[PDB]
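Data block below; observations after.
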Protein chains: 2
Amino acid sequence: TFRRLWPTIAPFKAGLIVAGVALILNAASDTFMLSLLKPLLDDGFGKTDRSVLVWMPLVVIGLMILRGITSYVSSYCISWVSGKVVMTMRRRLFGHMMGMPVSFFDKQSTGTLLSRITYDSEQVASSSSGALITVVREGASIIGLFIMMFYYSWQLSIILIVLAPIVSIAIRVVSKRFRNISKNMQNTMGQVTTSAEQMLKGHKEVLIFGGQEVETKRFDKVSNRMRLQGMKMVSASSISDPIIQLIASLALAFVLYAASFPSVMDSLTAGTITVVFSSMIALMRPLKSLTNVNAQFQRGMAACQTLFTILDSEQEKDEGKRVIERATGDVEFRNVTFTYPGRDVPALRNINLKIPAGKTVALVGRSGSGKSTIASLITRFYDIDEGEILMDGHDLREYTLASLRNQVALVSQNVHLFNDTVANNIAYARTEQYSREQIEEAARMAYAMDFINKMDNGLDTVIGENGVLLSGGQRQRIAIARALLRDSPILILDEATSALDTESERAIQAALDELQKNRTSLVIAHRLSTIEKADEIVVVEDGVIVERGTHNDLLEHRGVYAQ
Amino acid sequence: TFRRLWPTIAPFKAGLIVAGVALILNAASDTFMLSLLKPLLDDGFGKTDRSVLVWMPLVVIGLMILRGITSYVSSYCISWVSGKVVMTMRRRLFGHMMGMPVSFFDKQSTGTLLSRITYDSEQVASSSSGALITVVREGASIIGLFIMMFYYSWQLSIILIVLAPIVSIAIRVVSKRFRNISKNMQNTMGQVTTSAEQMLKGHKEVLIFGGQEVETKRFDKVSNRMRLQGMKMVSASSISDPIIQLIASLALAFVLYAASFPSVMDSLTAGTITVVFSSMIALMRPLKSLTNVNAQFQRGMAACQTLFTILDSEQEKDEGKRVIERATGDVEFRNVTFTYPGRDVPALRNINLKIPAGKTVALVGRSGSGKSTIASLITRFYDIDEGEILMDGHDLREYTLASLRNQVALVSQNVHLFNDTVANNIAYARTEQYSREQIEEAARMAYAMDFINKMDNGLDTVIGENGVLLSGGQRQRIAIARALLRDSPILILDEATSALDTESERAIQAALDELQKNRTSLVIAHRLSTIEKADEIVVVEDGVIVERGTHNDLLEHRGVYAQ
């Protein structure tokens, strides 16, 4: 457990320091609160007196006022650092996770990223500050209680420091056994949950085939093996507390027999013995927590190591030198090779593609291997394995990544939607650049003006998902408008078109020709309505270019053309 | 609220009775251990008996043996009931959930299903057994301590019957406020992880459009909202305990001052007074939980209400009277209308379709407004709104669901695999029907045996999770093996994607031809080679058959013919 997180805590260290002084005074309250018992039974009740018993209520009230204020101050000033360190960690990851390139996003799924931001980070300070809240409060409780009992009863104190480590060792080893059995169980606990997944994901095939009963048999078996496993867990875990209480009670008994092993120990008065035993009744909650704290501090640092592994891994490699406002260049590929990460086969073999100005070139083959690759390649989403991609004859890596990504624009049905307004989303990262009037004009050149202007507030409506929740074809429309604003040279266009819209799709084609008035377009070969106007066509099956020809040359060859 | 869980609890009520007799002894053990203090100070240290003190350690150890054995027995038996009720609930849901038709898993419940079977059902008897542990053990600690203090001090402990309701009311209202604020604030806590989800999901369309900085700003301000809301929640939660301890001590102080009256004083000894105060320092933990038990018993039974809603909703509507064995005659559709759930548009309009006997018929509608719906319909996945589909001129509803599903068979790349032996995967619900020889031969007649031996483990390998984990093409081949073995009368091969598996796809085509020796087919026209061998042809869009006739008739609409 090496903490490089301390520079993240250091700016807010004062709060933690206050929490320390907030929590020590908490322990020093309880100790003093137990010390109250010595007067009350000896001076108050052992000896008939009422000064003691009349000042007693106000001090027990005041000490618990101190306890409550300290508890609240500790809970606030520990959250002000577990807040301003969990929030700083979230900010730093979110600034690093969206710079790190999409290859990681294919590697690390889509949901584990959200867990790493929210929950795994919530438990890097909810359990790390869970270790600087017991080590101080419970540790200081142990220290104050021992100083107490040493002051009151010298003997019972020396036997206490003698046997207390025995109890500590007992809790440590018993909790080790329980932790071991729980961790060993949990791997088997996870796997029986997958039978229900198999069957409810697989309802259909189970209906078509006759396997309705035979799967109930499998579920009965795994459910019984889960009942028995859970019983093993709860037995082996619930046994941790009786053994702990028994080994403690052995200490509480050894001390009580020691109270008469010599004839000397008789001198300790009633107040002394009650304070000592009351203090032992409470040393335990602290002598446990303070031994369990290391497990919490390591569990809230495996999380930290996970988050720091996300942070530390190298982000999107940027060595851009050239910059561009609006290139006029034609994209050229020099026998470039590339494979998706984790795939040995070259997704791109030796490929050459020239795309003159305004040439709506395309790459047929329908395999899905190469067309999506070449679509994502010009954006530099995935860097290539060999060769060079040339815009204006300039190496694609040479262009600054921001500039190059600005030059390219991706339009497709799968375009996600930000949670801002219509004007901000359509001019996302550009609202400072553009006025509202420009945005509405661009909506009017798209000819989607009526489609998005009839919303609840038109240009001002909350276009986001979880807001109006705009529809998929109209999402392709909002993508088209967001494109048409930027006026960029390369128009990468997937045209996957999974969702085709009745009576609206036609306007989308009427839009894209205006989106392709200029703006050298690398539209992938798909539905014939858009490919009929194609200036050139290519085929790339399994990453190998086998034909590069116009519409008639493709007609001559076998090809796939009517659909 | 209303426990209809009692018929399933009752067969295992012996565990509950033994736990509730074992936990009452736990509270009695605590009460006797605290009552033992009075002999310690009065008959022990206060006097000088010294044999009472020697008798004491064995009493403490014995009452701790009782405490530990009762705790372990209570845990074991309450788990045996919550183990034999969680398992029963899981089995009953799993047997009732799979009788429910495919309409329920039409994304009405997607992943909440697994939560409902696994986690939500373990909170039906983890927060309903915690509502029986508390009300028994911590509800009887109160009774034991009250009879204790009545015996040891009549002059006091009437103050406690006056006061314990006041502390109860204070704890109730404070926990009410904390519950209200936490429940109100978690709904607004969720928006931050939603914004995170927006950005991590859409890492693409953020790199391209150049708005990394703007979305970092958005996450920055929403994470500030996170920190502020979390600090408000934790402050309102950590003000619940200090106020409880304060109003509690007011009780402590008023009791102590009530000990100041000379009538009360000199009637309470040192042992008596320590017993009374010690019992009160321990009446707090029970009065705390006893009053918040209703929250847990509501949470548990509300989870149970959700599961009972899953259970109670009607299953697949089975009213079949007739039975069918292997009828290979023509399937006749007749003016049958049906909509997917949540859609009012007819996904099928008035349809007439006589499926040719011993021959295939294909659907060239790429829109899918019927092509997948009809395949699901002939399987009776979803019932129809109007009309009748006739199996060999006999109504679909007439035959039993199991029989008809036995008649039909679906093959697709989305045929996921059931984690058993591959031989039993091929013979799901049919392992009794056939011996191994049929299975291993059908593997070769399905052009699969060559691969089944190519698997490293072999024929008896586990197939699904962390097994061989067959590919999509191998999924098609293994599904073809299943369909070949079953000897089904009808083959509803989806042909959803024209898989281009080099060196393996041709084997799949030969496998379909082997499958289509006979068996009226419903292959959905996707691939050129398959439509070439289409004996009849159909094309359906907007729910109505756009054209009905062979390839020559479809030449009129050959705009979509060649891909």
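We name chains A, B, ... following the order of the structure tokens; residues begin at 1 in each chain, and ligands are numbered from 1 as shown.
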Need the shell around residue 127 in chain B: protein/DNA/RNA residues with any atom at most 8 Å away, counting only C-alpha atoms. Skip same-chain ones fewer than 6 positions apart. Format as a ChimeraX atom specification? /B:296-297,299-300
Just write the chosen residues, N, CA, C and O atoms, as a compact mmCIF listing (two decimals), in the first residue's frame.
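Generated output (result-v2.txt):
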# COMPACT_ATOMS: atom_id res chain seq x y z
N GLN B 296 -36.98 -1.93 7.93
CA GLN B 296 -36.41 -3.12 7.29
C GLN B 296 -37.50 -4.10 6.90
O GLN B 296 -37.43 -4.71 5.82
N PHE B 297 -38.51 -4.28 7.74
CA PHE B 297 -39.61 -5.17 7.41
C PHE B 297 -40.48 -4.63 6.29
O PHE B 297 -41.22 -5.41 5.67
N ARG B 299 -38.95 -2.73 3.72
CA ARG B 299 -38.05 -2.90 2.59
C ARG B 299 -38.11 -4.34 2.11
O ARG B 299 -38.22 -4.61 0.90
N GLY B 300 -38.04 -5.28 3.05
CA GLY B 300 -38.04 -6.69 2.68
C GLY B 300 -39.32 -7.09 1.99
O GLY B 300 -39.30 -7.75 0.94
Please check the contacts: residues of chain B at most 6 Å away from chain A, using only C-alpha atoms, listed as a PDB file with C-alpha atoms, in the first residue's frame.
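Output saved as part-v8.pdb:
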ATOM      1  CA  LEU B  41     -20.050  -4.519  44.083  1.00  0.00           C
ATOM      2  CA  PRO B  57     -15.804 -15.898  36.792  1.00  0.00           C
ATOM      3  CA  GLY B  68     -22.079 -17.574  21.927  1.00  0.00           C
ATOM      4  CA  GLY B  83     -31.704 -20.272   2.982  1.00  0.00           C
ATOM      5  CA  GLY B 202     -19.804   9.060 -26.439  1.00  0.00           C
ATOM      6  CA  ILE B 208     -14.159  14.462 -33.543  1.00  0.00           C
ATOM      7  CA  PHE B 209     -16.062  17.651 -32.713  1.00  0.00           C
ATOM      8  CA  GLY B 211     -15.289  19.586 -27.269  1.00  0.00           C
ATOM      9  CA  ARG B 227     -19.577  16.990  -3.607  1.00  0.00           C
ATOM     10  CA  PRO B 242     -25.527  13.201  18.003  1.00  0.00           C
ATOM     11  CA  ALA B 253     -29.224  13.027  33.538  1.00  0.00           C
ATOM     12  CA  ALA B 270     -23.715   0.506  44.724  1.00  0.00           C
ATOM     13  CA  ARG B 405     -42.480 -25.612 -30.535  1.00  0.00           C
ATOM     14  CA  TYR B 428     -31.392 -30.483 -25.060  1.00  0.00           C
ATOM     15  CA  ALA B 429     -34.499 -32.201 -23.636  1.00  0.00           C
ATOM     16  CA  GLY B 559     -34.083  -2.776 -57.260  1.00  0.00           C
ATOM     17  CA  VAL B 560     -33.006  -4.960 -54.318  1.00  0.00           C
ATOM     18  CA  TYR B 561     -31.821  -8.219 -55.923  1.00  0.00           C
ATOM     19  CA  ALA B 562     -28.060  -8.747 -56.039  1.00  0.00           C
ATOM     20  CA  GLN B 563     -26.391  -8.080 -52.669  1.00  0.00           C
TER      21      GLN B 563
END
Select from range 467-540 of chain A everything DSSP, run on the backbone, classes as strand (DSSP E), then give the selection as a PyMOL selection string. chain A and resi 490-493+537-540
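The smallest atom-to-atom distance between residue 38 in chain B and any of B:140, B:275, B:303, B:524, using only C-alpha atoms, is found for B:275.
Proximity to residue 293 in chain A was assessed for A:130, A:342, A:393, A:356 counting only C-alpha atoms; the smallest distance is recorded for A:130.
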Would you list the contacts of residue 515 in chain B as number ranges by chain, taking every protein, DNA or RNA residue within 12 Å and counting only C-alpha atoms, but skipping same-chain residues closer than 5 positions in sequence? B: 358-360, 409-411, 442, 445-447, 477, 479-493, 508-510, 520-521, 523
Create the file for the chosen residues now, containing N, CA, C and O atoms and written as a tab-separated table (two decimals), in the first residue's frame.
chain	number	residue	atom	x	y	z
B	358	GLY	N	-42.41	-29.42	-48.53
B	358	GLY	CA	-41.15	-29.95	-48.99
B	358	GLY	C	-40.29	-28.96	-49.75
B	358	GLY	O	-39.41	-29.37	-50.51
B	359	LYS	N	-40.51	-27.66	-49.56
B	359	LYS	CA	-39.86	-26.64	-50.35
B	359	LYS	C	-39.74	-25.37	-49.52
B	359	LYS	O	-40.43	-25.20	-48.51
B	360	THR	N	-38.85	-24.48	-49.95
B	360	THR	CA	-38.54	-23.26	-49.23
B	360	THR	C	-39.34	-22.09	-49.79
B	360	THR	O	-39.83	-22.11	-50.92
B	409	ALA	N	-38.26	-25.23	-35.69
B	409	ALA	CA	-36.87	-25.10	-35.27
B	409	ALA	C	-36.29	-23.84	-35.89
B	409	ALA	O	-36.49	-23.58	-37.08
B	410	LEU	N	-35.55	-23.09	-35.08
B	410	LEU	CA	-34.91	-21.85	-35.50
B	410	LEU	C	-33.40	-22.03	-35.49
B	410	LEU	O	-32.85	-22.66	-34.58
B	411	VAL	N	-32.74	-21.48	-36.50
B	411	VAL	CA	-31.29	-21.49	-36.60
B	411	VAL	C	-30.83	-20.07	-36.91
B	411	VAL	O	-31.39	-19.42	-37.80
B	442	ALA	N	-24.71	-37.12	-36.20
B	442	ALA	CA	-25.36	-35.89	-36.64
B	442	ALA	C	-24.38	-34.73	-36.69
B	442	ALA	O	-24.55	-33.79	-37.47
B	445	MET	N	-22.99	-35.24	-40.17
B	445	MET	CA	-23.99	-34.89	-41.18
B	445	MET	C	-24.34	-33.41	-41.12
B	445	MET	O	-24.92	-32.87	-42.07
B	446	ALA	N	-24.02	-32.74	-40.01
B	446	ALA	CA	-24.13	-31.30	-39.89
B	446	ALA	C	-22.84	-30.57	-40.24
B	446	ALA	O	-22.76	-29.35	-40.06
B	447	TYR	N	-21.83	-31.29	-40.75
B	447	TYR	CA	-20.54	-30.69	-41.08
B	447	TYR	C	-19.92	-30.00	-39.86
B	447	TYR	O	-19.35	-28.92	-39.96
B	477	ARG	N	-23.05	-23.56	-36.97
B	477	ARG	CA	-22.81	-24.99	-37.27
B	477	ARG	C	-23.37	-25.87	-36.14
B	477	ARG	O	-23.92	-26.94	-36.46
B	479	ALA	N	-25.80	-25.08	-33.98
B	479	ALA	CA	-27.25	-24.98	-34.07
B	479	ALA	C	-27.78	-25.85	-35.20
B	479	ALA	O	-28.84	-26.48	-35.07
B	480	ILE	N	-27.06	-25.88	-36.33
B	480	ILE	CA	-27.46	-26.75	-37.43
B	480	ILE	C	-27.41	-28.20	-37.00
B	480	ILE	O	-28.25	-29.01	-37.40
B	481	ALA	N	-26.41	-28.56	-36.19
B	481	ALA	CA	-26.35	-29.92	-35.67
B	481	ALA	C	-27.57	-30.24	-34.81
B	481	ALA	O	-28.16	-31.33	-34.94
B	482	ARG	N	-27.96	-29.31	-33.95
B	482	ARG	CA	-29.16	-29.52	-33.14
B	482	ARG	C	-30.38	-29.73	-34.03
B	482	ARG	O	-31.11	-30.73	-33.89
B	483	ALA	N	-30.59	-28.82	-34.98
B	483	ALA	CA	-31.77	-28.90	-35.84
B	483	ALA	C	-31.75	-30.18	-36.67
B	483	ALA	O	-32.80	-30.76	-36.95
B	484	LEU	N	-30.56	-30.62	-37.07
B	484	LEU	CA	-30.46	-31.86	-37.84
B	484	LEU	C	-30.86	-33.05	-36.99
B	484	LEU	O	-31.59	-33.94	-37.46
B	485	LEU	N	-30.41	-33.09	-35.74
B	485	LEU	CA	-30.75	-34.22	-34.88
B	485	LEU	C	-32.25	-34.26	-34.59
B	485	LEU	O	-32.85	-35.34	-34.59
B	486	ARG	N	-32.86	-33.10	-34.31
B	486	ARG	CA	-34.24	-33.11	-33.82
B	486	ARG	C	-35.22	-33.65	-34.85
B	486	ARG	O	-36.31	-34.10	-34.49
B	487	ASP	N	-34.86	-33.62	-36.13
B	487	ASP	CA	-35.73	-34.10	-37.21
B	487	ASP	C	-37.02	-33.28	-37.25
B	487	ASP	O	-38.13	-33.82	-37.38
B	488	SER	N	-36.87	-31.96	-37.17
B	488	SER	CA	-38.03	-31.08	-37.05
B	488	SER	C	-38.82	-31.05	-38.37
B	488	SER	O	-38.22	-31.17	-39.44
B	489	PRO	N	-40.15	-30.88	-38.32
B	489	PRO	CA	-40.88	-30.71	-39.59
B	489	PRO	C	-40.69	-29.36	-40.26
B	489	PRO	O	-40.84	-29.28	-41.48
B	490	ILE	N	-40.42	-28.29	-39.51
B	490	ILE	CA	-40.32	-26.94	-40.07
B	490	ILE	C	-39.02	-26.31	-39.60
B	490	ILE	O	-38.64	-26.45	-38.43
B	491	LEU	N	-38.34	-25.60	-40.51
B	491	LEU	CA	-37.05	-24.98	-40.26
B	491	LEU	C	-37.21	-23.48	-40.50
B	491	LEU	O	-37.56	-23.07	-41.61
B	492	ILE	N	-36.92	-22.67	-39.48
B	492	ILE	CA	-37.26	-21.24	-39.48
B	492	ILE	C	-35.90	-20.51	-39.45
B	492	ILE	O	-35.71	-19.49	-38.77
B	493	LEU	N	-34.92	-21.07	-40.17
B	493	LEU	CA	-33.56	-20.51	-40.23
B	493	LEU	C	-33.60	-19.03	-40.55
B	493	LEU	O	-34.03	-18.63	-41.63
B	508	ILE	N	-21.39	-24.45	-44.11
B	508	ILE	CA	-22.69	-24.08	-43.57
B	508	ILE	C	-23.77	-24.18	-44.64
B	508	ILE	O	-24.88	-24.63	-44.38
B	509	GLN	N	-23.47	-23.73	-45.87
B	509	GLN	CA	-24.45	-23.82	-46.95
B	509	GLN	C	-24.79	-25.27	-47.26
B	509	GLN	O	-25.97	-25.63	-47.42
B	510	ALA	N	-23.77	-26.12	-47.35
B	510	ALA	CA	-24.02	-27.55	-47.54
B	510	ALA	C	-24.81	-28.12	-46.37
B	510	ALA	O	-25.65	-29.01	-46.56
B	520	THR	N	-40.57	-28.03	-44.95
B	520	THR	CA	-41.06	-26.69	-45.32
B	520	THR	C	-40.30	-25.62	-44.56
B	520	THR	O	-40.32	-25.59	-43.32
B	521	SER	N	-39.66	-24.72	-45.29
B	521	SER	CA	-38.70	-23.78	-44.74
B	521	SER	C	-39.28	-22.38	-44.73
B	521	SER	O	-40.18	-22.04	-45.49
B	523	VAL	N	-36.82	-19.73	-44.53
B	523	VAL	CA	-35.55	-19.01	-44.62
B	523	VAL	C	-35.82	-17.59	-45.08
B	523	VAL	O	-36.55	-17.36	-46.05
Quick one: residues within 9 Å of residue 554 in chain B, only C-alpha atoms counted, chain neighbours fewer than 5 positions away excluded, as a PyMOL selection string? chain B and resi 537-539+547-549+561
Using backbone DSSP assignments, extract all alpha helix (DSSP H) residues from range 292-437 of chain A; output them as a PyMOL selection string. chain A and resi 292-312+371-377+401-407+422-426+436-437
Take CA of residue 326 in chain A and CA of residue 519 in chain A and report the distance between them in Å, one decimal.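 So the two atoms, CA of residue 326 in chain A and CA of residue 519 in chain A, lie 10.0 Å apart.
Across A:362, A:443, A:93, A:374, the tightest approach to residue 309 in chain A is made by A:93 when counting only C-alpha atoms.
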Atom pair CA of residue 328 in chain A / CA of residue 357 in chain A: separation (Å): 7.5 Å
Report, in Å with one decimal, the straight-line distance from CA of residue 171 in chain B to CA of residue 134 in chain B.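 These atoms are spaced 15.9 Å apart.
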Between B:147, B:355, B:468, B:522, which has the minimum distance to residue 495 in chain B (counting only C-alpha atoms)?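 Answer, going by the shortest atom-to-atom distance: B:522.
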